[PDB]
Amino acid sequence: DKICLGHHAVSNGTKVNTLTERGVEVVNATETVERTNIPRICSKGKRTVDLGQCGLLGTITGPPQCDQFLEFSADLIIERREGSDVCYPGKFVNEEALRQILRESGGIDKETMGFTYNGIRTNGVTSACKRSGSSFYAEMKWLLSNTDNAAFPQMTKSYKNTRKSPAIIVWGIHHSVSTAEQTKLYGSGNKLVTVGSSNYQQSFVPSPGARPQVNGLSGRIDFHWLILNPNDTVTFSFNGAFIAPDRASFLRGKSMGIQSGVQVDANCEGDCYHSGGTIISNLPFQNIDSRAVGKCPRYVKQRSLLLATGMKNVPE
């Protein structure tokens, strides 16, 4: 006449690992590393800006691709492989620093620097940057000599940040296909453009010479930039080979930027993004993408790590 104690079990448990052996069968376990991606930019609730064909730095200078994006405003900014920062071939010096800035900017608000000038042409244009016919960077101006080979008045321009936030100033240098046609543009002689705020000093020389054709042309503008701080001044001492900023840029607030190739989806919420979609998971670890950004589980090397939620499974 007796009583026995015992515990439950089942036909197949789940195998897990312990400090002392590999593959103990437990009643129930649960996964701890996320493997399932969902292939969309889960963007519900957030002010999103898919730049598409506009390059992020293009929002500062304004090639035709970026005309809808010169004063954007976002919680989340998506860059695309097809996007270009440029119309007239060229590049930004110190470029990724500018991107990491813009990505977290929550958008940009433009404002003129007011510049007018005397003794120059201000309206140079190109077949690369097409709007109606040949055009140019919306936010900048090709400054030239009045007539072929004319002297470029040695000029100085200054803008002061009237605001209580720091500005983004961007100028550029025109490297002409030849020293010959450097002259047809900006006149003759050694060409000096010099640029100092007061927390920054530096100066620039053009660099004419052959380059292979890109958008048809063999010339390059290389854009430069510095963050001007409140009640600071920036002075532009220059002689030619200059593309001049019409408007400065100010940053709106906070955001996060990502790079991706999958569709926006406003039915989905998510805070962990990678280029192939969104990691929706409450699990501590993930094996999807080690460069995921946002608020993510930790990337681990392991495909799987099972956590026991029941006792040892002993059957007969």
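Heads up: residue numbers just count along the shown sequence, starting at 1.
Look at the mean CA B-factor for 243-251 and for 52-60 in the entry; the higher one is 243-251. Stretch comparison (72-80 versus 173-181) by mean CA B-factor in the PDB entry places 173-181 on top.
Ranking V234, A97, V86, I108 by the C-alpha B-factor listed in the PDB entry places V234 at the top. Ranking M140, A167, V93, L144 by Cα temperature factor from the entry places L144 first. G23 sits in the middle third of its chain by CA B factor, as recorded in the PDB entry. In this PDB entry, the Cα temperature factor of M155 sits in the top third of its chain's modelled residues, the highest group. Looking at the C-alpha B-factors along this chain, the one for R103 belongs to the lowest third. In the deposited entry, the Cα temperature factor of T14 sits in the middle third of values across the chain's modelled residues.
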